[PDB]
Amino acid sequence: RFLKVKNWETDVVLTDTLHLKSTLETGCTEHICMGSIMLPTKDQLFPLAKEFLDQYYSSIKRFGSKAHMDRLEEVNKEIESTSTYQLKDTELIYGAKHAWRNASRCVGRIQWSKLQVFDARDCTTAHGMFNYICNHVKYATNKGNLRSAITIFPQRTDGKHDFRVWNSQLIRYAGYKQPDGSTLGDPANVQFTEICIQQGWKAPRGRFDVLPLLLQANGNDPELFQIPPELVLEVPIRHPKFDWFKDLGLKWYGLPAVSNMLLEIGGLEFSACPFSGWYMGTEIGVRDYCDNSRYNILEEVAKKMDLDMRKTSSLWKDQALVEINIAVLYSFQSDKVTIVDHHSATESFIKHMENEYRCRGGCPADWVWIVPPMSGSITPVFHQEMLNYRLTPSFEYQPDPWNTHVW
Amino acid sequence: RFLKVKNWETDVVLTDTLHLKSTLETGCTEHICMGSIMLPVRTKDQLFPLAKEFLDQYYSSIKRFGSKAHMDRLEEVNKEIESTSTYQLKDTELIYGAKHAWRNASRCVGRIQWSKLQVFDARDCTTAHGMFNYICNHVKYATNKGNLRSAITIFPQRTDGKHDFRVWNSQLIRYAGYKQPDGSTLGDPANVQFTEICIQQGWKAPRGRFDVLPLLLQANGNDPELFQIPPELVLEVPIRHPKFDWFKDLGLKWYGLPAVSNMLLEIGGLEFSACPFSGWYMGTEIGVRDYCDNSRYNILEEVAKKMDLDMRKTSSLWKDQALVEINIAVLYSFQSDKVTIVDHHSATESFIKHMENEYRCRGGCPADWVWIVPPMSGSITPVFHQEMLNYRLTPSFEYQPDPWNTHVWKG
Ligand code: HEM
Ligand code: HEM
Ligand SMILES: Cc1cc(N)nc(CCc2cc(F)cc(CC[C@@H]3CCCN3C)c2)c1
Ligand SMILES: Cc1cc(N)nc(CCc2cc(F)cc(CC[C@@H]3CCCN3C)c2)c1
Ligand SMILES: C[C@H](O)[C@H](O)[C@H]1CNc2nc(N)[nH]c(=O)c2N1
Ligand SMILES: C[C@H](O)[C@H](O)[C@H]1CNc2nc(N)[nH]c(=O)c2N1
Ligand SMILES: [Zn+2]
């Protein structure tokens, strides 16, 4: 019940006690492990509020103080009365930072305490949402010197007045299926791209078209907005050795900004809470470019490299993959846009884990997501045993809005 | 109940009902997943239900469930247990058991081959010398001059846990490791403890970087004895690179036959503590793990040095570049010497086909994603995108503690 995790490359052993504070469920049982599955009233609200307020006042070393009890009392009163409650700015910031801290699938959490939190709870319209999001993007991008940030729109009330960003990321490329039969641009975004067009958007029908924002305030119909191009920092992808690489015509955007998740703090639900950091190179070079269900350029690159693509055992896919990921890192670094390679990022996470085990008693971590999609075992996280469990505050998935929206 | 797994690249969805037949635990709870943890004595009491369940499965597979042969066998095993406190498997049952232990091995990506396993019955063995002979025959059979053949040799089952047969080696063929006074290691660092034991038992070590370890064999609970595998039985492959001529001068080689010899085979409640099995290598086992783990031969530096890569910052991906070249060399060398090997793209593609087939005919396929996904180029293999369910079926292979930690020495 007091658990140990071992690193098999270093023999370092850490003792986990934090998991005992876990609340939600993992999807696993004693009979079956679901570790590789992608997606497994007034009464309930006050205990949730109490659990959060307790950990908050503990963190500021005022557990059991007058101010603690008073606040517990005040929130209790507000829930009995209004059937909900509002977070103090200090509580909102703490809650958001700890949602990141608790994100077991995130390798970048060593940065968790340096999150810029933008309070957008006074927002009432989609035009206001757009304004807040432009300011976010500009602050976060910072001329290529990226800074982590989250913008938090008003919390769910009766589930009919939800704030939602319909895009999965603030910045993403459009996808269109060709009459020919293939897919132009990003296949991942074919459905969403349709809903943009099938709602007003005029598509350039290109390969790297930055999608418009589809913003929904207070449960209303969502509205289209184009992010000012001058706020969208993109990087042309070239290679430090292969001069034909530039001719592939590839580029990617600098800002990874997830906008479709749900932030839970003290029982309150923030259905619109776009957050952003900076990329690990493999997210673009391995997944975005080389997934078969994405831009899928491996064969094209291997061809230009003149590799022997007759047999899989020549490892031509593997060679091309490395070169593509060299290009991505080289390109961002050259344009002075923040990026981290998978070696640096995983070494950072090992350091973070040790910090958390020492100062917090543990660090929930999902091995399946933490290990990079290339060169797994030559990164230290591959050899690191990890315990996965769910702490709150937390980021959670939520249904795509078009399936839920009472139109 | 139904359970569905989705492949996120193909959108293919499979339905698992087989997990309902699961008995053993996973280590996970509703509150914590232990999926990345490496490693998460038996009386007459619990034995007959274990026996019965296995025999039910056996007779079902041969389309004889409930037959007179089935009921008689149950009867016979029952009376054998209550009078002798154990029982003996028929040859047919043993073969079925061994094949299904492999079939049920959720961490094994090579299971498309499970039904083609050569089972060698060594249950009549009584001495370490007898063990050595059986093991030599296994190695010769399995190696087949490079045309590798899967096989398992099964020594007598545990009785009171005080007369165990054990192969003290983790694998039948492995290179020695030597700790030097300056803190460095000569050979395979993984095998330093075992090497020191062999030396203590009287092995005259050559003290080179690739010395094949002697077999250390325990029969019937007796102290183990040293044996040298005839070198002519140990097939090795010099490693060279198809473009880089300097690669051969690194002086690398590896053995052709992967043969695990320290696991326990459970069949119908019976425990076979010595059951060496072998197949053929996936290239990455050697090229990624054996050669490039920091705690193993660790040749990334040397290789990258000779490739003249930018080694100052990690973001040059010099480690990733060297890793691919090493794995190309391993595959090239094995194929050139006509020794059976499979690359991780072929192996994972075959596993997906296997898994889909198993869902269709068996109702499921227990699989451990953490182990099934290869240690390089993960997401460009099809298993990366494949949801998997991990659960435990029997018959099974299990870990057991190393014998030198539990053995009562006779002298
Ligand atoms: C600052 C640098 C950051 C880096 C390098 C980073 C890296 C990553 C990576 C590689 C993943 C894997 C997800 C995938 O493969 O699609 C991930 C997941 C995740 N990240 Fe981070 N991230 C960063 C910042 C942040 C921030 C600022 C937040 C929130 C405030 C965050 C929250 C999350 C969450 C909630 C997930 C998992 C989502 C899920 O469950 O699917 N990350 N991160
Ligand atoms: C014939 C070709 C085979 C291939 C390519 C293959 C491949 C693999 C690989 C790559 C692993 C991961 C282990 C590691 O990374 O160290 C593995 C695990 C395993 N294999 Fe196979 N294998 C083969 C044959 C067999 C046979 C013949 C048996 C048994 C009769 C077997 C039983 C197992 C078991 C039980 C594990 C899991 C070990 C554990 O739980 O830690 N395999 N295999
Ligand atoms: C802030 C941030 C930094 C970074 N460096 N990277 C990302 C993107 C990674 C990511 C984070 C999430 F919080 C949620 C998701 C969605 C999961 C995706 C959707 C489809 C495939 N995958 C399941 C991705 C975000
Ligand atoms: C038949 C076979 C084929 C193949 N292609 N390959 C192997 C070796 C893979 C393997 C299988 C096992 F049943 C147990 C182990 C030991 C795991 C090691 C020991 C220490 C670190 N690691 C946990 C390896 C065996
Ligand atoms: C901590 C983690 O479970 C451990 O390093 C595992 C990860 N996956 C693996 N997968 C395979 N095939 N072989 C291994 O030795 C390991 N090691
Ligand atoms: C089926 C499997 O869970 C799925 O492919 C996961 C595996 N691990 C991952 N890991 C990360 N970081 N991102 C992903 O999208 C995935 N996909
Ligand atoms: Zn689990």
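Read the numbers this way: they start at 1 and go in the same order the structure lists the ligands and their atoms. Convention: sequence-line order gives letters A, B, ...; per-chain numbering from 1. Side chains are part of it too, since the values below use all heavy atoms of this structure and drop only hydrogens, waters and symmetry mates.
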Run A:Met386 and A:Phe349 through side chain to side chain contact (heavy atoms under 4.5 Å, CB included) and show every step you take.
CA-CA 12 Å; A:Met386 298 169 191; A:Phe349 185 71; 4.3 Å; yes

Next item on the list: Given side chain to side chain contact (heavy atoms under 4.5 Å, CB included), test A:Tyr289 with A:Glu283 step by step and report yes or no.
Entry: CA-CA 9 Å; A:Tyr289 283 168; A:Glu283 296 179 81; over 6 Å; no

(request) Give the intermediate values and the outcome of ring-ring contact (aromatic ring centres under 6.0 Å, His included) for residues B:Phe334 and B:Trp254. (result) CA-CA 9 Å; B:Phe334 269 65; B:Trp254 203 253; 9.2 Å; no

Task: Verdict with supporting geometry, B:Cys365 and B:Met355, side chain to side chain contact (heavy atoms under 4.5 Å, CB included) - done: CA-CA 6 Å; B:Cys365 182; B:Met355 185 185 169; 3.9 Å; yes

| message | Using the rule given for salt bridge (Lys or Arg N to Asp or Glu O under 4.0 Å), can you reason through B:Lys6 versus B:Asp11, listing the C-alpha separation, both sets of side-chain angles and the distance that settles it, and then say yes or no? | response | CA-CA 6 Å; B:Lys6 179 179 183 176; B:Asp11 265 282; 3.6 Å; yes

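In this structure, the protein non-hydrogen atom closest to atom 5 (O) of ligand 6 is B:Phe384 O, 2.7 Å. For atom 12 (N) of ligand 6, the closest non-hydrogen atom of the protein is A:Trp369 O, 3.1 Å. If you check which protein heavy atom lies closest to atom 34 (C) of ligand 2, you get B:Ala105 CB, 3.9 Å. Here the protein heavy atom with the shortest distance to atom 7 (C) of ligand 1 is A:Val107 CG1, 3.9 Å. Of all protein heavy atoms, the one lying nearest to atom 11 (C) of ligand 2 is B:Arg107 O, 4.1 Å. Atom 8 (N) of ligand 6 has A:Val368 O, 3.1 Å as its closest protein atom, hydrogens excluded (heavy atom only). Nearest protein heavy-atom neighbour of atom 7 (C) of ligand 6: B:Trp369 CZ2, 3.5 Å. Here the heavy atom of the protein found nearest to atom 3 (O) of ligand 6 is A:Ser36 O, 2.7 Å.
Taking the six-membered ring for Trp, A:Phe275 and A:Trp100 have ring centres at least 6.0 Å apart.
Contact annotation for A:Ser276 and ligand 1: only backbone heavy atoms (N, CA, C, O) come within less than 4.0 Å of the ligand. Counting heavy atoms under 4.0 Å from ligand 1, residue A:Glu283 touches it through the side chain alone.
Taking a 6.0 Å sphere around CD of A:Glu396, one finds it holds more than 12 heavy atoms contributed by other residues, nucleotides or ligands.
Ion pairing between a basic and an acidic side chain is recognised when a charged N comes within 4.0 Å of a carboxylate O; B:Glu358 and B:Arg103 show such pairing. Salt-bridge annotation for A:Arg294 and A:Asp186: present, with a side-chain N of the basic residue lying under 4.0 Å from a carboxylate O of the acidic one.
Taking the six-membered ring where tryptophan is involved, the planes of B:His138 and B:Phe120 are tilted, since the angle between them lies from 30° to 60°. The aromatic rings of B:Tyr255 and B:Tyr281 lie tilted to each other, with the angle between the two planes from 30° to 60°.
The shortest separation from a heavy atom of A:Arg287 to ligand 6 is under 4.0 Å, placing the residue in contact.
A cation-pi contact, defined as under 6.0 Å to the ring centre and within 45° of the axis, is absent between A:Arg172 and A:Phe192.
Taking every non-hydrogen atom of A:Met280 and a distance limit under 4.0 Å, the qualifying atoms of ligand 1 come out as 10 (C). Those atoms of ligand 6 with a heavy atom of B:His385 less than 4.0 angstrom away are 1 (C), 5 (O). Close contacts between ligand 6 and B:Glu387 involve ligand atoms 1 (C) [criterion: under 4.0 Å to a heavy atom]. Each of the following atoms of ligand 2 lies closer than 4.0 Å to a heavy atom of B:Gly279: 1 (C). Every atom of ligand 6 is numbered from 1 in the order shown, and the set under 4.0 Å from a heavy atom of B:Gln386 is 1 (C).
Counting heavy atoms only, B:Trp102 comes closest to atom 27 (C) of ligand 2 of the residues B:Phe277, B:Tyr399, B:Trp102. Remark: among candidates B:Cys108, B:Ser150, B:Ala101, the nearest residue to atom 6 (C) of ligand 2 is B:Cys108, based on non-hydrogen atoms. Looking at B:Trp371, B:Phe397, B:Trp280, it is B:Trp280 that brings a heavy atom closest to atom 2 (C) of ligand 2.
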